[PDB]
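J.: Shown below is the structure under consideration.
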Amino acid sequence: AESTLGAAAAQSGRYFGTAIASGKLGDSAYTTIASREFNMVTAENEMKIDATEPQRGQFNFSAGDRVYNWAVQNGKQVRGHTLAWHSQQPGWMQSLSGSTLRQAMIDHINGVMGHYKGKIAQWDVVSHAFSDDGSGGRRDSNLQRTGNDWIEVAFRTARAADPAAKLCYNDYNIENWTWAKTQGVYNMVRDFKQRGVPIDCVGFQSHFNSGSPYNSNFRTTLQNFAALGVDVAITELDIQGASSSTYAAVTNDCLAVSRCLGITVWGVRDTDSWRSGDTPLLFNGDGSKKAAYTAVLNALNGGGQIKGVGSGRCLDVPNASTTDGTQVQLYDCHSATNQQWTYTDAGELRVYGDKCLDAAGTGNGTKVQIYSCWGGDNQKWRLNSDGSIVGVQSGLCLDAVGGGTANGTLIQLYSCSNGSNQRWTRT
Ligand SMILES: [N-]=[N+]=[N-][C]1O[C][C](O[C]2O[C][C]([O])[C]([O])[C]2[O])[C]([O])[C]1[O]
């Protein structure tokens with residue numbers, strides 16, 4: 001299987017997951033995409049401390065189970081998130097400290113893991129344990145104040161509670177190998193493995209943006225941790241701007257590491273993202289697949305002019321015009337600039353540098369032309385493996401009008417038919 005993310009990842013023994021919000025399980029558009037595309041689920045908030053133990057000793061798995069059941073019922077495994085960390089703690093726990101806190105932490109772990117014993121693939125036992133101050137040390141938290149050994153204690157407690165779950169340490173900004181935070185975690189995990197502390201995986205949240213950008217050395221980081229004898233997982237991936245290239249690079253980084261279990265993107269549609277402003281996911285609010293989706297799928301499936309297969313002619317802007325609204329056509333292939341198209345990370349097909357292949361509408365017969373680039377979804381395109389080029393907004397295929405093949409044949413949008421007049425090759 002290779003038309004969906006999860007199925008494609010499965011080809012190499014991995015998974016492709018997302019974060020599920022219980023409040024959206026009633027949204028048909030949401031669940032249609034989620035159930036179809038992913039085979040691993042993480043509760044976005046339903047399994048956190050405050051949600052699972054609102055009152056000390058008073059556990060509530062209502063929201064957590066709703067997500068877990070939806071996942072398993074729809075063929076997805078589940079990553080437990082999260083058992084012990086400083087954020088989103090319930091009121092009662094926030095007012096705790098010292099030995100009473102340590103005991104509360106242990107009790108919480110036993111209660112939650114006990115409830116899901118044997119049903120969880122991976123548990124983010126501890127997360128956000130390190131600081132961003134650049135020192136490479138632990139962050140000052142109620143948990144940390146109970147003693148530096150709290151992390152180790154949490155893992156040992158977890159192993160005993162559910163020996164079948166892979167136990168991960170999860171954090172952010174630990175992707176770039178040169179960062180001090182990354183080294184602090186690396187040193188901790190190494191020490192743990194040397195002393196026999198039960199840790200099976202390290203989760204890299206992968207929340208990339210211009211503030212903490214993706215760097216190719218992320219693969220090295222994954223490989224270095226893998227070499228320590230633990231599995232690695234990309235747990236909450238989202239990329240500011242959703243560059244097709246960056247999304248493909250991250251996907252390939254996991255595929256290049258034997259120990260990388262899989263990749264989870266933090267949400268389904270940009271509208272469901274905790275950072276919608278950064279439009280960091282693989283699907284748009286209207287549910288359309290972004291160019292990034294195609295890039296990720298292509299990667300999971302095993303990794304200039306635009307020539308029409310059926311006509312043998314190239315996508316051409318009539319008389320090298322630069323006028324907005326000029327409908328494109330088929331023409332004998334040559335080296336002029338009016339036949340050179342660049343596919344950008346934003347999914348555009350540019351010509352002349354600042355002009356974009358543009359759909360003047362959404363229905364069949366819609367004119368395909370050039371127009372000033374501005375970021376519209378009607379200027380976004382998906383270059384599919386079968387040679388088809390689909391408009392993001394319309395969901396229709398680039399089509400040579402009436403199957404025409406002669407110079408001057410115009411280009412339009414039309415329901416995809418896999419016809420020769422809808423297949424294109426770049427050469
Ligand atoms: N970086 N880091 N980390 C992360 O972040 C994000 C989160 O999630 C969130 O939380 C909050 C709420 O509100 C929302 O919805 C969600 O999404 C996670 O958990 C972490 O880890």
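Identifiers in the structure tokens: chain A, B, ... in order shown; residue index from 1 per chain; ligand index from 1 in order shown.
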Give the residues close to ligand 1, within 9 Å, counting only C-alpha atoms and all ligand atoms; write them as a list in words.
T.: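 Sorted by chain and then by number, the residues are residues 19, 21, 43, 44, 45, 48, 81, 82, 87, 88, 127, 128, 170, 171, 172, 173, 205, 206, 207, 235, 236, 266, 267, 272, 273, 274 and 275 of chain A.
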J.: Residues near residue A:125, anyone? I mean within 10 Å using only C-alpha atoms, not counting same-chain ones fewer than 5 positions away, as an MDAnalysis selection string.
T.: chainID A and resid 80:85 109 113 151 154:155 157:159 166:170 199
J.: Could you please write out, as a ChimeraX atom specification, every residue of stretch 188-333 of chain A that DSSP assigns to strand (DSSP E or B)?
T.: /A:201-204,207-209,212,231-239,260-265,269,283,289,306-308,314-316,327,329-331
J.: Counting only C-alpha atoms, which of A:387, A:405, A:94, A:40 gets nearest to residue A:417?
T.: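 Among the listed residues, the smallest separation from residue A:417 belongs to A:387.
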J.: Pick out the residues sitting within 7 Å of residue A:407, and hand them over as a list in words; count only C-alpha atoms, and ignore anything fewer than 4 positions along from it in its own chain.
T.: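 Residues meeting the cut-off are residues 330, 331 and 332 of chain A.
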J.: Considering only C-alpha atoms, state which residue in the set A:100, A:264, A:217, A:194 is at the smallest distance from residue A:39.
T.: A:264
J.: What's the 8 Å shell around residue A:245, counting only C-alpha atoms, without same-chain residues fewer than 4 positions away, as a list in words?
T.: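 Everything that qualifies: residues 249, 292, 295 and 345 of chain A.
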J.: So how far away is atom CA of residue A:374 from atom CA of residue A:242, in Å?
T.: 16.2 Å
J.: Using DSSP on the backbone, list every residue of stretch 135-327 of chain A that comes out as alpha helix (DSSP H), and give them as a PyMOL selection string.
T.: chain A and resi 142-145+150-161+180-195+218-226+244-255+291-300
J.: Taking only C-alpha atoms into account, which of A:114, A:302, A:213, A:285 comes nearest residue A:256?
T.: A:302
J.: Skipping near chain neighbours, those fewer than 4 positions away, what residues fall within 8 Å of stretch 77-79 of chain A using only C-alpha atoms, listed as a list in words?
T.: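 My list of contacting residues is residues 39, 40, 41, 42, 43, 68, 71, 72, 119, 120, 121, 122, 123 and 124 of chain A.
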J.: Keeping C-alpha atoms for every residue in the selection just given, could you write it to a file as a compact mmCIF listing (two decimals), in the first residue's frame?
T.:
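Final output, saved to result-v3.txt:
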# COMPACT_ATOMS: atom_id res chain seq x y z
CA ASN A 39 -1.54 4.48 11.79
CA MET A 40 -0.21 5.91 15.06
CA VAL A 41 -2.01 8.26 17.43
CA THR A 42 -0.96 10.50 20.30
CA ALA A 43 -3.61 12.18 22.47
CA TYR A 68 -7.33 5.46 22.67
CA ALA A 71 -7.22 4.90 17.57
CA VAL A 72 -7.34 1.13 18.06
CA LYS A 119 -2.09 -1.44 25.25
CA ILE A 120 0.50 1.30 24.65
CA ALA A 121 3.33 1.07 22.11
CA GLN A 122 5.35 3.95 23.52
CA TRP A 123 5.06 6.15 26.60
CA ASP A 124 6.63 9.58 26.90
J.: Report, in Å to a single decimal, how far apart atom CA of residue A:321 and atom CA of residue A:304 are.
T.: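 Atom CA of residue A:321 lies 17.5 Å from atom CA of residue A:304.
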